[PDB]
Amino acid sequence: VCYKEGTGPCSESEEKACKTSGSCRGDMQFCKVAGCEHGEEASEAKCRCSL
Amino acid sequence: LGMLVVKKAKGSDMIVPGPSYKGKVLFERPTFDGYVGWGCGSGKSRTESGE
């Protein structure tokens, strides 16, 4: 699941990116293999994907 | 008192899902190496266990 938590869910351009991108953070089982590059988003964080 | 000093948190360092992170700004976590402290902004209320 991927959700922007503002104006609802992520975009298709976003969720397709967030299986290739390196800025939208997330919980575990999503960083060991899918690679959360954990961009240090102090303000206006990208949309988080969890289980 | 100058005995030990707490340090910031790196992205590779992860939270422990134990407590209920509601209304927080500073929690401790002793580690193998040293002592780690985490902060948020003023007005940035901490109402979830997430970072």
# chains A, B, ... in the order shown; residues from 1 in each chain; ligands from 1
>>> interface_residues(of="chain A", to="chain B", cutoff="9 Å", atoms="only C-alpha atoms", output="count of residues only")
4
>>> residues_around(residues="residue 22 of chain A", least_positions_apart="2", cutoff="12 Å", atoms="only C-alpha atoms", output="JSON, numbers by chain")
{"A": [14, 15, 16, 17, 18, 19, 20, 24, 25, 26, 30, 31, 34, 35, 36, 37, 38, 39, 40, 41, 46, 47, 48]}
>>> residues_around(residues="segment 15-29 of chain B", least_positions_apart="3", cutoff="7 Å", atoms="only C-alpha atoms", output="JSON, numbers by chain")
{"B": [35, 36, 37, 38, 39, 40, 45, 46, 47, 48, 49]}
>>> write_last_selection(atoms="C-alpha atoms", output="CSV table (one decimal), in the first residue's frame")
chain,number,residue,atom,x,y,z
B,35,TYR,CA,23.6,6.6,23.8
B,36,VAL,CA,21.2,8.0,21.1
B,37,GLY,CA,18.7,10.8,21.3
B,38,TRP,CA,16.0,11.7,18.8
B,39,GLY,CA,14.2,15.0,18.3
B,40,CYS,CA,11.3,16.6,16.5
B,45,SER,CA,3.9,16.7,17.9
B,46,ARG,CA,4.9,13.0,17.9
B,47,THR,CA,1.6,11.1,17.8
B,48,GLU,CA,2.8,7.9,16.2
B,49,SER,CA,5.7,5.4,16.5
>>> atom_distance(atom1="atom CA of residue 2 of chain A", atom2="atom CA of residue 13 of chain B")
23.2 Å
>>> decode(residues="segment 16-37 of chain A", atoms="N, CA, C and O atoms", output="short mmCIF file (atom, residue, chain, number, x, y, z; two decimals), in the first residue's frame")
data_model
loop_
_atom_site.label_atom_id
_atom_site.label_comp_id
_atom_site.auth_asym_id
_atom_site.auth_seq_id
_atom_site.Cartn_x
_atom_site.Cartn_y
_atom_site.Cartn_z
N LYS A 16 4.49 3.84 -9.12
CA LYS A 16 5.42 3.24 -10.07
C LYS A 16 6.85 3.70 -9.80
O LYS A 16 7.79 2.92 -9.93
N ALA A 17 7.02 4.98 -9.44
CA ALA A 17 8.34 5.44 -9.04
C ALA A 17 8.79 4.76 -7.76
O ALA A 17 9.94 4.30 -7.67
N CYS A 18 7.91 4.63 -6.77
CA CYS A 18 8.29 4.12 -5.46
C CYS A 18 8.56 2.62 -5.45
O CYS A 18 8.76 2.05 -4.37
N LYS A 19 8.59 1.96 -6.61
CA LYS A 19 9.25 0.67 -6.74
C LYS A 19 10.55 0.81 -7.52
O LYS A 19 11.19 -0.21 -7.84
N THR A 20 10.96 2.04 -7.84
CA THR A 20 12.22 2.31 -8.50
C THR A 20 12.93 3.50 -7.85
O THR A 20 14.15 3.65 -8.00
N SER A 21 12.18 4.33 -7.14
CA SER A 21 12.70 5.60 -6.62
C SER A 21 13.50 5.37 -5.34
O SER A 21 13.60 4.25 -4.82
N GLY A 22 14.08 6.44 -4.81
CA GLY A 22 14.89 6.36 -3.62
C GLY A 22 14.65 7.48 -2.62
O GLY A 22 15.58 7.92 -1.94
N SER A 23 13.41 7.96 -2.53
CA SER A 23 13.11 9.02 -1.57
C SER A 23 11.91 8.74 -0.67
O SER A 23 11.87 9.27 0.44
N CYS A 24 10.95 7.93 -1.09
CA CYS A 24 9.78 7.65 -0.26
C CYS A 24 10.12 6.55 0.75
O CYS A 24 10.43 5.42 0.36
N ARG A 25 10.06 6.89 2.03
CA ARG A 25 10.49 6.00 3.10
C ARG A 25 9.41 4.98 3.42
O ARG A 25 8.31 4.99 2.85
N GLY A 26 9.71 4.07 4.34
CA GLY A 26 8.77 3.02 4.69
C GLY A 26 9.28 2.19 5.85
O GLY A 26 10.38 2.41 6.38
N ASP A 27 8.45 1.23 6.24
CA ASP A 27 8.75 0.33 7.35
C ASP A 27 9.67 -0.80 6.87
O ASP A 27 10.20 -0.77 5.76
N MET A 28 9.85 -1.81 7.71
CA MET A 28 10.72 -2.93 7.36
C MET A 28 9.99 -3.92 6.46
O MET A 28 8.80 -3.80 6.19
N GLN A 29 10.75 -4.91 5.97
CA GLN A 29 10.38 -5.77 4.85
C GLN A 29 10.19 -4.98 3.56
O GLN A 29 9.83 -5.54 2.52
N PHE A 30 10.46 -3.68 3.62
CA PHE A 30 10.42 -2.78 2.48
C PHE A 30 11.74 -2.07 2.25
O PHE A 30 11.90 -1.41 1.22
N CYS A 31 12.70 -2.19 3.16
CA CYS A 31 13.99 -1.53 3.06
C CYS A 31 15.15 -2.50 2.87
O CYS A 31 16.14 -2.16 2.22
N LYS A 32 15.04 -3.71 3.44
CA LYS A 32 16.10 -4.70 3.27
C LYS A 32 16.27 -5.09 1.81
O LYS A 32 17.39 -5.20 1.31
N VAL A 33 15.16 -5.30 1.10
CA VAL A 33 15.19 -5.80 -0.26
C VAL A 33 14.74 -4.75 -1.27
O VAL A 33 15.35 -4.62 -2.34
N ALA A 34 13.69 -4.00 -0.96
CA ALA A 34 13.19 -2.99 -1.88
C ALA A 34 13.95 -1.67 -1.80
O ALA A 34 13.74 -0.80 -2.65
N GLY A 35 14.81 -1.51 -0.80
CA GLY A 35 15.75 -0.40 -0.79
C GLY A 35 15.19 0.96 -0.46
O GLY A 35 15.15 1.84 -1.33
N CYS A 36 14.74 1.17 0.77
CA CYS A 36 14.43 2.51 1.23
C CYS A 36 15.73 3.30 1.34
O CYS A 36 16.50 3.11 2.27
N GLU A 37 15.96 4.20 0.38
CA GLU A 37 17.16 5.03 0.44
C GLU A 37 17.06 6.09 1.53
O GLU A 37 18.04 6.77 1.81
#
